[PDB]
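The data block below is coords17.pdb; it holds PDB, N, CA and C atoms.
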```
ATOM      1  N   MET A   1      -5.988 -14.404  21.603
ATOM      2  CA  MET A   1      -6.245 -14.089  20.203
ATOM      3  C   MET A   1      -6.699 -12.640  20.047
ATOM      4  N   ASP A   2      -5.924 -11.718  20.604
ATOM      5  CA  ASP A   2      -6.246 -10.298  20.526
ATOM      6  C   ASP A   2      -4.981  -9.448  20.605
ATOM      7  N   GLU A   3      -3.865 -10.015  20.159
ATOM      8  CA  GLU A   3      -2.589  -9.309  20.182
ATOM      9  C   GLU A   3      -2.101  -9.022  18.765
ATOM     10  N   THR A   4      -1.026  -8.246  18.660
ATOM     11  CA  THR A   4      -0.460  -7.894  17.365
ATOM     12  C   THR A   4       0.673  -8.840  16.984
ATOM     13  N   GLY A   5       0.313 -10.051  16.568
ATOM     14  CA  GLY A   5       1.312 -11.029  16.180
ATOM     15  C   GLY A   5       0.719 -12.406  15.957
ATOM     16  N   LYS A   6       0.233 -13.020  17.031
ATOM     17  CA  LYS A   6      -0.364 -14.348  16.949
ATOM     18  C   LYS A   6      -1.808 -14.266  16.463
ATOM     19  N   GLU A   7      -2.093 -14.935  15.351
ATOM     20  CA  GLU A   7      -3.436 -14.938  14.785
ATOM     21  C   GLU A   7      -3.847 -13.534  14.351
ATOM     22  N   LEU A   8      -2.865 -12.647  14.233
ATOM     23  CA  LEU A   8      -3.123 -11.269  13.827
ATOM     24  C   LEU A   8      -2.136 -10.826  12.751
ATOM     25  N   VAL A   9      -2.515  -9.802  11.994
ATOM     26  CA  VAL A   9      -1.662  -9.279  10.933
ATOM     27  C   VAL A   9      -1.673  -7.754  10.921
ATOM     28  N   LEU A  10      -0.504  -7.162  10.702
ATOM     29  CA  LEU A  10      -0.379  -5.708  10.665
ATOM     30  C   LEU A  10      -0.460  -5.192   9.232
ATOM     31  N   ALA A  11      -1.044  -4.008   9.068
ATOM     32  CA  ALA A  11      -1.182  -3.401   7.750
ATOM     33  C   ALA A  11       0.027  -2.533   7.417
ATOM     34  N   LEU A  12       0.621  -2.776   6.254
ATOM     35  CA  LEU A  12       1.787  -2.017   5.817
ATOM     36  C   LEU A  12       1.367  -0.727   5.120
ATOM     37  N   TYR A  13       0.231  -0.774   4.435
ATOM     38  CA  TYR A  13      -0.282   0.392   3.724
ATOM     39  C   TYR A  13      -1.748   0.200   3.350
ATOM     40  N   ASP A  14      -2.551   1.232   3.583
ATOM     41  CA  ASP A  14      -3.974   1.180   3.270
ATOM     42  C   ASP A  14      -4.198   0.734   1.828
ATOM     43  N   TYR A  15      -5.443   0.408   1.502
ATOM     44  CA  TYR A  15      -5.789  -0.038   0.158
ATOM     45  C   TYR A  15      -7.014   0.707  -0.366
ATOM     46  N   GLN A  16      -7.542   0.245  -1.495
ATOM     47  CA  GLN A  16      -8.714   0.866  -2.100
ATOM     48  C   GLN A  16      -9.676  -0.190  -2.631
ATOM     49  N   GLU A  17     -10.941  -0.083  -2.236
ATOM     50  CA  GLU A  17     -11.960  -1.030  -2.673
ATOM     51  C   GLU A  17     -12.769  -0.462  -3.835
ATOM     52  N   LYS A  18     -12.243  -0.617  -5.046
ATOM     53  CA  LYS A  18     -12.914  -0.121  -6.241
ATOM     54  C   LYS A  18     -13.728  -1.227  -6.907
ATOM     55  N   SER A  19     -14.173  -2.190  -6.107
ATOM     56  CA  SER A  19     -14.961  -3.305  -6.619
ATOM     57  C   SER A  19     -15.521  -4.144  -5.474
ATOM     58  N   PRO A  20     -16.564  -4.932  -5.775
ATOM     59  CA  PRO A  20     -17.214  -5.798  -4.786
ATOM     60  C   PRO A  20     -16.328  -6.967  -4.368
ATOM     61  N   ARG A  21     -15.325  -7.265  -5.188
ATOM     62  CA  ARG A  21     -14.406  -8.360  -4.903
ATOM     63  C   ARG A  21     -13.191  -7.862  -4.125
ATOM     64  N   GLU A  22     -12.863  -6.586  -4.305
ATOM     65  CA  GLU A  22     -11.723  -5.988  -3.621
ATOM     66  C   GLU A  22     -12.071  -5.648  -2.175
ATOM     67  N   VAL A  23     -11.067  -5.224  -1.414
ATOM     68  CA  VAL A  23     -11.267  -4.866  -0.015
ATOM     69  C   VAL A  23     -10.429  -3.649   0.365
ATOM     70  N   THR A  24     -10.977  -2.811   1.241
ATOM     71  CA  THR A  24     -10.282  -1.610   1.686
ATOM     72  C   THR A  24      -9.536  -1.860   2.992
ATOM     73  N   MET A  25      -8.269  -1.459   3.031
ATOM     74  CA  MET A  25      -7.447  -1.639   4.221
ATOM     75  C   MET A  25      -6.874  -0.306   4.692
ATOM     76  N   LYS A  26      -6.464  -0.256   5.954
ATOM     77  CA  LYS A  26      -5.896   0.958   6.528
ATOM     78  C   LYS A  26      -4.571   0.664   7.223
ATOM     79  N   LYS A  27      -3.517   1.349   6.792
ATOM     80  CA  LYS A  27      -2.193   1.163   7.373
ATOM     81  C   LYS A  27      -2.242   1.295   8.891
ATOM     82  N   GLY A  28      -1.893   0.217   9.587
ATOM     83  CA  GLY A  28      -1.904   0.234  11.038
ATOM     84  C   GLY A  28      -3.082  -0.522  11.619
ATOM     85  N   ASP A  29      -4.128  -0.690  10.818
ATOM     86  CA  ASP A  29      -5.323  -1.400  11.259
ATOM     87  C   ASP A  29      -5.018  -2.873  11.508
ATOM     88  N   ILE A  30      -5.934  -3.555  12.189
ATOM     89  CA  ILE A  30      -5.762  -4.970  12.492
ATOM     90  C   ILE A  30      -6.738  -5.826  11.691
ATOM     91  N   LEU A  31      -6.214  -6.863  11.046
ATOM     92  CA  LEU A  31      -7.039  -7.761  10.246
ATOM     93  C   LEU A  31      -6.932  -9.195  10.754
ATOM     94  N   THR A  32      -8.026  -9.701  11.317
ATOM     95  CA  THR A  32      -8.056 -11.060  11.843
ATOM     96  C   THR A  32      -8.229 -12.078  10.721
ATOM     97  N   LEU A  33      -7.271 -12.990  10.603
ATOM     98  CA  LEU A  33      -7.318 -14.021   9.572
ATOM     99  C   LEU A  33      -8.204 -15.185  10.007
ATOM    100  N   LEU A  34      -9.019 -15.677   9.080
ATOM    101  CA  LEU A  34      -9.916 -16.792   9.366
ATOM    102  C   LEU A  34      -9.385 -18.088   8.759
ATOM    103  N   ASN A  35      -8.600 -17.957   7.695
ATOM    104  CA  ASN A  35      -8.026 -19.118   7.023
ATOM    105  C   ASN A  35      -6.793 -18.725   6.215
ATOM    106  N   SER A  36      -5.679 -19.399   6.480
ATOM    107  CA  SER A  36      -4.430 -19.117   5.780
ATOM    108  C   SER A  36      -3.778 -20.407   5.294
ATOM    109  N   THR A  37      -3.789 -20.609   3.980
ATOM    110  CA  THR A  37      -3.200 -21.803   3.384
ATOM    111  C   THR A  37      -2.078 -21.439   2.419
ATOM    112  N   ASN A  38      -2.210 -20.285   1.772
ATOM    113  CA  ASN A  38      -1.207 -19.822   0.821
ATOM    114  C   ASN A  38      -0.515 -18.561   1.330
ATOM    115  N   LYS A  39       0.664 -18.279   0.786
ATOM    116  CA  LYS A  39       1.428 -17.102   1.182
ATOM    117  C   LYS A  39       0.936 -15.861   0.446
ATOM    118  N   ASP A  40       0.834 -15.963  -0.875
ATOM    119  CA  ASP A  40       0.374 -14.849  -1.695
ATOM    120  C   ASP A  40      -1.136 -14.671  -1.571
ATOM    121  N   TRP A  41      -1.827 -15.750  -1.225
ATOM    122  CA  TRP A  41      -3.277 -15.713  -1.072
ATOM    123  C   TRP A  41      -3.670 -15.694   0.400
ATOM    124  N   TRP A  42      -4.427 -14.677   0.793
ATOM    125  CA  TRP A  42      -4.871 -14.544   2.177
ATOM    126  C   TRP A  42      -6.370 -14.279   2.244
ATOM    127  N   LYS A  43      -7.026 -14.864   3.241
ATOM    128  CA  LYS A  43      -8.462 -14.691   3.420
ATOM    129  C   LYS A  43      -8.781 -14.197   4.828
ATOM    130  N   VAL A  44      -9.223 -12.948   4.926
ATOM    131  CA  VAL A  44      -9.566 -12.357   6.213
ATOM    132  C   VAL A  44     -11.055 -12.041   6.295
ATOM    133  N   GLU A  45     -11.522 -11.723   7.498
ATOM    134  CA  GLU A  45     -12.928 -11.401   7.711
ATOM    135  C   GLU A  45     -13.093  -9.948   8.151
ATOM    136  N   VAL A  46     -14.022  -9.245   7.511
ATOM    137  CA  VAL A  46     -14.279  -7.847   7.835
ATOM    138  C   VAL A  46     -15.776  -7.562   7.887
ATOM    139  N   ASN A  47     -16.300  -7.399   9.098
ATOM    140  CA  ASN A  47     -17.720  -7.122   9.284
ATOM    141  C   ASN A  47     -18.576  -8.203   8.632
ATOM    142  N   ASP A  48     -18.287  -9.457   8.961
ATOM    143  CA  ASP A  48     -19.031 -10.584   8.410
ATOM    144  C   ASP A  48     -18.916 -10.618   6.889
ATOM    145  N   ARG A  49     -17.802 -10.110   6.372
ATOM    146  CA  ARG A  49     -17.570 -10.080   4.934
ATOM    147  C   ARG A  49     -16.233 -10.727   4.585
ATOM    148  N   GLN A  50     -16.156 -11.306   3.390
ATOM    149  CA  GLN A  50     -14.933 -11.960   2.938
ATOM    150  C   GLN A  50     -14.438 -11.344   1.633
ATOM    151  N   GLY A  51     -13.119 -11.317   1.461
ATOM    152  CA  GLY A  51     -12.541 -10.752   0.255
ATOM    153  C   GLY A  51     -11.067 -11.077   0.114
ATOM    154  N   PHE A  52     -10.453 -10.579  -0.955
ATOM    155  CA  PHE A  52      -9.037 -10.822  -1.205
ATOM    156  C   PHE A  52      -8.214  -9.567  -0.934
ATOM    157  N   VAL A  53      -7.282  -9.669   0.009
ATOM    158  CA  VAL A  53      -6.427  -8.542   0.364
ATOM    159  C   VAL A  53      -4.972  -8.824   0.007
ATOM    160  N   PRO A  54      -4.191  -7.750  -0.184
ATOM    161  CA  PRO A  54      -2.771  -7.855  -0.531
ATOM    162  C   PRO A  54      -1.929  -8.383   0.626
ATOM    163  N   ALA A  55      -1.790  -9.702   0.697
ATOM    164  CA  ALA A  55      -1.007 -10.332   1.754
ATOM    165  C   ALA A  55       0.414  -9.782   1.786
ATOM    166  N   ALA A  56       0.927  -9.412   0.618
ATOM    167  CA  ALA A  56       2.277  -8.869   0.512
ATOM    168  C   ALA A  56       2.367  -7.493   1.163
ATOM    169  N   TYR A  57       1.220  -6.839   1.313
ATOM    170  CA  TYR A  57       1.170  -5.512   1.917
ATOM    171  C   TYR A  57       0.893  -5.606   3.414
ATOM    172  N   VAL A  58       1.103  -6.793   3.975
ATOM    173  CA  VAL A  58       0.878  -7.017   5.398
ATOM    174  C   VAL A  58       1.853  -8.048   5.952
ATOM    175  N   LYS A  59       1.869  -8.189   7.274
ATOM    176  CA  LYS A  59       2.754  -9.144   7.932
ATOM    177  C   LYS A  59       2.150  -9.627   9.247
ATOM    178  N   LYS A  60       2.055 -10.943   9.399
ATOM    179  CA  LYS A  60       1.500 -11.535  10.610
ATOM    180  C   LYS A  60       2.606 -12.099  11.497
ATOM    181  N   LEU A  61       2.390 -12.051  12.808
ATOM    182  CA  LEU A  61       3.368 -12.559  13.763
ATOM    183  C   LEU A  61       4.668 -11.764  13.684
ATOM    184  N   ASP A  62       4.559 -10.498  13.300
ATOM    185  CA  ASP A  62       5.726  -9.630  13.187
ATOM    186  C   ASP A  62       6.689 -10.149  12.124
TER     187      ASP A  62
END
```

Could I get this file's structure written as structure tokens?
Amino acid sequence: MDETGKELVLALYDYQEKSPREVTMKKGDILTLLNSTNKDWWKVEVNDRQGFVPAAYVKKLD
């Protein structure tokens, strides 16, 4: 559980956190998913923090 594909997702383009609900992402960075039930809806963990990120702006398992 430390590779770029299985249980991992690649960033297509950085983001901007202009709110406490939003989240900042970096193109190329790695985002470990904690729970995935929906396609458009994704829930990842960042520094013991939870938020909503653009799943469409990323791809898991290549």

So the first atom is atom N of residue A:27 and the second is atom N of residue A:12; what is the distance between them in Å, to one decimal place?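 These atoms are spaced 5.9 Å apart.
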
Taking 6 positions as the minimum chain separation for residues in the same chain, which residues sit within 6.5 Å of residue A:22 when counting only N, CA and C atoms? Answer as a VMD selection string. chain A and resid 16 51 to 52

Given the PyMOL selection byres ((chain A and resi 44) around 5) and the file above, list the residues it selects as a PyMOL selection string. chain A and resi 32-34+42-43+45-46

Please enumerate the residues selected by the PyMOL selection byres (((chain A and resi 7 and name CA) around 9) and name CA) when evaluated against the supplied file, formatted as a PyMOL selection string. chain A and resi 1-6+8-9+32-34+60-61

Dump as a PyMOL selection string all residues having an atom at most 5 Å from (-3.0, -5.1, 5.7), computed in the file's coordinates with all atoms listed in the file. chain A and resi 10-12+57-58

Residues of chain A classed as strand (DSSP E or B) by DSSP on the backbone are to be reported as a PyMOL selection string. chain A and resi 9-11+30+33-35+43-45+50-52+58-60

Just to confirm, what's the straight-line distance from atom CA of residue A:30 to atom C of residue A:48 in Å (one decimal)?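 Computed distance, atom CA of residue A:30 to atom C of residue A:48, equals 15.4 Å.
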
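Atom pair atom N of residue A:17 / atom C of residue A:54: separated by 12.6 Å.
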
Which residue, A:56, A:47, A:62, A:36, has the smallest gap to residue A:13 when you use all atoms listed in the file? A:56

Find the residues near residue A:26: any atom within 5 Å, counting only N, CA and C atoms, skip ones fewer than 3 places away on the same chain, and give them as an NGL selection string. :A and (13-15 or 29)

Using the file's own x, y and z axes, what box holds all listed atoms of stretch 20-37 of chain A with 5 Å on each side, keeping edges along x, y and z, and what are its centre and edge lengths in Å to one decimal, as JSON?
```
{"center_x": -9.6, "center_y": -10.2, "center_z": 3.4, "size_x": 25.3, "size_y": 33.2, "size_z": 28.3}
```
